[PDB]
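Provided below as structure tokens are two forms of one protein chain, presented individually as structure 1 and structure 2.
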Structure 1
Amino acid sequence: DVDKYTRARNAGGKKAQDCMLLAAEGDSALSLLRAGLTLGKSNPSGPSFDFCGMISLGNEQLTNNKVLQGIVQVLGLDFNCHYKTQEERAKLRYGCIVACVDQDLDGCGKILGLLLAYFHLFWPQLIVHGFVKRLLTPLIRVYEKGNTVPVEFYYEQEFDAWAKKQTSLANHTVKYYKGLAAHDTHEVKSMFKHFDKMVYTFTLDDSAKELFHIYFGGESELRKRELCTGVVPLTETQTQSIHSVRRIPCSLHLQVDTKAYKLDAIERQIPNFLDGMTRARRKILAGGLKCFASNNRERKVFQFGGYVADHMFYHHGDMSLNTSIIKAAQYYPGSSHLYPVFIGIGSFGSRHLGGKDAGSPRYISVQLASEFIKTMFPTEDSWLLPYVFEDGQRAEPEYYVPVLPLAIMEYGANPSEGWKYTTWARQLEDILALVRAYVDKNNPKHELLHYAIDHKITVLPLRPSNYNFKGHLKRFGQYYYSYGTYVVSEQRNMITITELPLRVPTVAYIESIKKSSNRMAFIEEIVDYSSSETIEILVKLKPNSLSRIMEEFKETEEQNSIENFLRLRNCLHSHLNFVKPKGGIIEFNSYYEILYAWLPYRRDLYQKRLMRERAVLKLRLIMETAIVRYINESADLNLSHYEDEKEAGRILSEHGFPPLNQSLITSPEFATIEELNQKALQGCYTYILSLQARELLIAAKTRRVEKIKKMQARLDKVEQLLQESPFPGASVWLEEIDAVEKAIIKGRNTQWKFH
């Protein structure tokens, strides 16, 4: 077999039942297992090569794979045995096979799930009676400073419960070990001390079998139904039951690990319907917001990609990161981004190659479209979004909620086969009219739009956008078609294609025309004299070929003879599969329902921002009233730093000064509403104990009083902003819509350069 197999000393012998075969995922896991097994030979008594062999991993096609062939060869497994009896199972060369895989979505999920599916399909009785086992390593380890002994959790839920049970984590360092290679040598020896406690068994409950037909079977219909609901994390009772007897039911593993892996794989191609961007593009947008927040100077594409990888935890390949950055910065007729989030200083590609003619990342530079991004992705709303956490560190948000539905007003296609997704940008005017009717409460269609929302029918048009399109858009039999424009000169027997169909690359169109032999039977030659953004394809035909073209290619009342011959028609087939914000997959059938689903999320975000702003304003005015009421009697109490700052708190508590938490009321970063109003109090008097002498003079007092009157006016303004007729925060939504419309118009005027 392969040389990756390290045989145990007693493997296949009289004591083969006591032997176990560790199946590491890759070379790093193999090296870790080797190091642990060899260090166990000297200090402890336990695992070693005497009773532990090592191997590495690498239906109709699952039987010819070399790795499974090697595994079945070493284990001595017989296909036609079914291992029902104990003596039949005793003939195996190893007592059990232990899978040692990384805790991430690659090791657990895809590979562990694949091994479990293979075993269940071929030898289902092996999973029962406890033959297939796994290695459960500490997923999270928290180290207390000056304690040199960590506390370990095998699941994120246990760590979250312990953390919320804890008072503070100032002196605790949390390390996430998603992969086996992340364990240090001392950590590895700590695991191999009680290696016997890290072996978990699979039970193969009744519900597992059907699941094995869903995630890994050839049935691709019920798989989508299973995937369209998101992954539910394991509950605490299930984890406790698993840890009690060290047995993991297969069902739970299939429903959690493999399902999360499949969802992650889908999310890398299909974007969320709230912002129209995938996880990688969300990371890029967040990194651009973080980098150009205060500087906004042009940076090289590779430099910005390095910044994104450093700060936004983009652990994928840098070539994909650079390609996605270029795609986000591309702006041309037929581009995938109608409103790009980045301004591209340099040659970022043209419509002829479909954006593939972009310059190298080391030459072209990128900048943040500050005006458009700020008007569409407000900085205030960024705090209230739910964020993803990579190894306990903040990263890009789970989803962005722009002022207008970005998943609709921009083009989008998935080139990777496996899941169909195609979106054609709708007209900006129609989107603006629809949202303004929904929010304005003064539009005559506002009540009609609400009627259309509660019961699903269409009341306002939603036509495909034709901003950078010089052709025609014809709706025939519920299908939209884009037609390019051409001219014919009979005297020179020549045709000049002036406009290709929507999102059709020039070189791709030319090669498609050239491939068809029948088309070339009349075309003498083709050249491409098109400009950087316009289309001018010069085709010269053979003599007396126009009549032959007319008689051969026939008009179908939709496209004339020339358009059919020149392939100047495109069908706007759109696949509206999107990723739910909670994790699931949702398949729409029209853009109207996409907009109807996006509206409540934006409305709820506006309401949440309004309540958070109201609470923050109340807290700020409370602390300002406290500081001014200390100021006007500073000649009565006279204690800021005159005495020791430990006896002051008694006298400030004897008077009416509530404890407050500075740096939380002064600048709440991500303080959620209930936590913000809970932990704002029970702080300390640093807002009074640690003030400066600058506040002593009356000018500071009058500045404070004008500030407090300003925030009182703002508080009443946001209070009347609430309980509005359509919903709280509708007027501010209308103002943001107007601002983003102005920004879009300005960008369109200056070719998305903004001077």
Structure 2
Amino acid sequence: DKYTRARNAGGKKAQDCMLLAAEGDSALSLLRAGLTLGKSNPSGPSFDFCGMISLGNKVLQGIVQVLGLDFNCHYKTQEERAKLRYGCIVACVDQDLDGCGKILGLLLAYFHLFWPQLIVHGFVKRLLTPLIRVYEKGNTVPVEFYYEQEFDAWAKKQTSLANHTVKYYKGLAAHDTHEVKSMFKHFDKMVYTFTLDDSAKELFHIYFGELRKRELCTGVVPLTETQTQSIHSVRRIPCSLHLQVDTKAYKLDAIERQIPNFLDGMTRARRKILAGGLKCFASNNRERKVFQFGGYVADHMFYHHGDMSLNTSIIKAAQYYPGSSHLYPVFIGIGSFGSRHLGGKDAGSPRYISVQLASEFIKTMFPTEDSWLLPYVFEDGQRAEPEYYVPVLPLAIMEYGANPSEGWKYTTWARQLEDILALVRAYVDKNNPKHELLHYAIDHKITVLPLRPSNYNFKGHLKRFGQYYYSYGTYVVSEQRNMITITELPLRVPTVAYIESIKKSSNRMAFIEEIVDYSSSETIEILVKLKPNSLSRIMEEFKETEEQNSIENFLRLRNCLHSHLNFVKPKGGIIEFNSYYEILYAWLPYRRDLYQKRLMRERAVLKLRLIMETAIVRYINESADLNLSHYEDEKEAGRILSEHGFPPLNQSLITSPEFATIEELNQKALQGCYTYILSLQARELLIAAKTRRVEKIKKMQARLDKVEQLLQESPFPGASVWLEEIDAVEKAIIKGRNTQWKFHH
């Protein structure tokens, strides 16, 4: 049972021997390597007082068998604990959500449910391996932090990290051999005891029992430095904090994987996919195979999940057909990506079909200059997809989406594009008559403009009964041949799935004699021929109200547009909406603020670029008598340029204004060198390049004072820019819809 027995286990020294419980054969091998250091690690842990077991049901039965525990005792007394085969059980798991949060919480919940006194007496402990290690170059010993807060506080204390390399160890298998030896040299210091708490009694029931959904509404709060210091002083971890942090983070990650945000209506994996598509196709928009693009996404943006899910999600993002999940797909899919039949799972293998970026729609929808201002999530210290995207339009409500969750449901039907455009234009125009009235609605929680479900690719009927919308397909009946030609199915209903649902009910085949599917790749045309004189029996069997018809109910030609508007908050946690209009009003302020954020960032980078380009053109003009050829090396030329009034500038930061904010920009750009003059190509010396430089200089000057003007726009800065972007994105949407979302045609 993957158990290694210690020599002193079950003997008179049972109170001294420990039982390291690990998840996975890799963790078992690491524990074995650490324990078998032998004389190379004197006084360290070995199999004399340590046994190993694997957590990878019957596993807990084996654990209770080896430990000697019984279900008819509480182990409050000292003698009951002394009767155990081991002094303590130490969980040796990872530091990620799956390992540390899920496995450890499950084990702790099991122990608390069965023998809470063991946790009270600290019988169950954990192995707290270092999480972040900072290695200074020229040094062999690292600086170890067990939490992100300690690492970032230390980094704030530090002045620069150019001489330090930061390594994250989220799993037990990430430790190197010398690192494992270093950890096992001080093995006793890494053991942390678990103590029960008053709040933990209900926390265990919450996280492992309804009200858990209330608990997950708010985001995960990292432990403050005071709690970490208190834990490290005594090496005791209250299980309440572990449940509040690790288990909550694991559950929130699962929710984020299943439930999307409301700012962009799109999940973490999909955000990785879109960001990878933006990065890959920015330089050259060319067709790439689905598996190649998935490999690029996994390599560059830390998509560690299974490649099959990555390819499935890429195909889903590139799918465009009536009833598809995406009304405005971000990828143009060259090949066969499936159709409404089978619900889009009939796509080809990833190695045949190819994808490319919808350059026009993506550029008009997610501005390239706006990606720098978003908050980004960092995977093991490396930049990854943005925490959220803020499109020009509320993308969360203009596309369909269906997803089950752990007690939650995500169901969104796309709203009418015209209504959304009218609402946003009224909000931003300041000239539309309903602008002030829309603001009055926004700050008083009321609705002024309708928001109807979209029916772009739908050829049925959308009827509202009460507060619920229903989609109806279209059919024609020909009793002359005693058969029905279904021409339009209910919205978001797969063809073969509908046919098999019809064939499942034996009641309906009391009259049906044959069903065939002659539908095209886009339209639906299903020939269902019935038994003779079956029309009378269809009439008498099915009574329907004014909402349905006898044929409609007989063919199940009605679909109810249920809406479960549950999304995740931008800063963590989930929020449950009840209307699309409040989602729109919630999305608006982020876009409004990020517009002006981009505005001042553009102003600052424009000033810096203008200064550099003026210096460059001055150097080009004066290069005739400033021949660097007669001069010796780099430093002499830099000193001479300094003596000639040229300013030292960080051209790398300015010509490439990355995610660095305006304070970093104006504190680092002026602190540079003269590489911009020395990096000038010889082709820049001819007067044609100088004319190009000066005309572009006047262009950026015009852009600069126009940005100065726009920063004082009345409704909010950049309102006209928002209007122009709305017009561009609606033109791109119209162009895509005209050409079946196949551009370049």
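Start at 1 and count along the sequence of structure 1; that gives the residue numbers used here. For clarity, a rigid core is taken as the largest C-alpha set superposing within 1.5 Å between two forms.
| said: Given these two structures of one chain, say which is the form described as "open state" in its entry title. | reply: Only structure 1 matches the form described as "open state" in its entry title.
| Test item, rigid-part assignment between the two structures: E706 alongside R748 | For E706 and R748, the answer is no, because the two are assigned to different rigid parts.
| task | Report the hinge rotation between the two structures as a whole number of degrees, treating the chain as two rigid parts and superposing on C-alpha atoms. | result | The angle the smaller part turns through between the two structures is 18 degrees.
| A700: CA movement between the two structures [superposed on rigid core, Å] | Its C-alpha shift, to one decimal, is 8.8 Å.
| In Å, how far apart are the CA positions of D528 between the two structures with the rigid core superposed? | With the rigid core fitted, the alpha carbon of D528 is displaced 0.8 Å between the two structures.
| Once the two forms are fitted on their rigid core, how many angstrom does the CA of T666 move between the two structures? | In the core superposition between the two structures, the C-alpha of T666 moves 3.7 Å.
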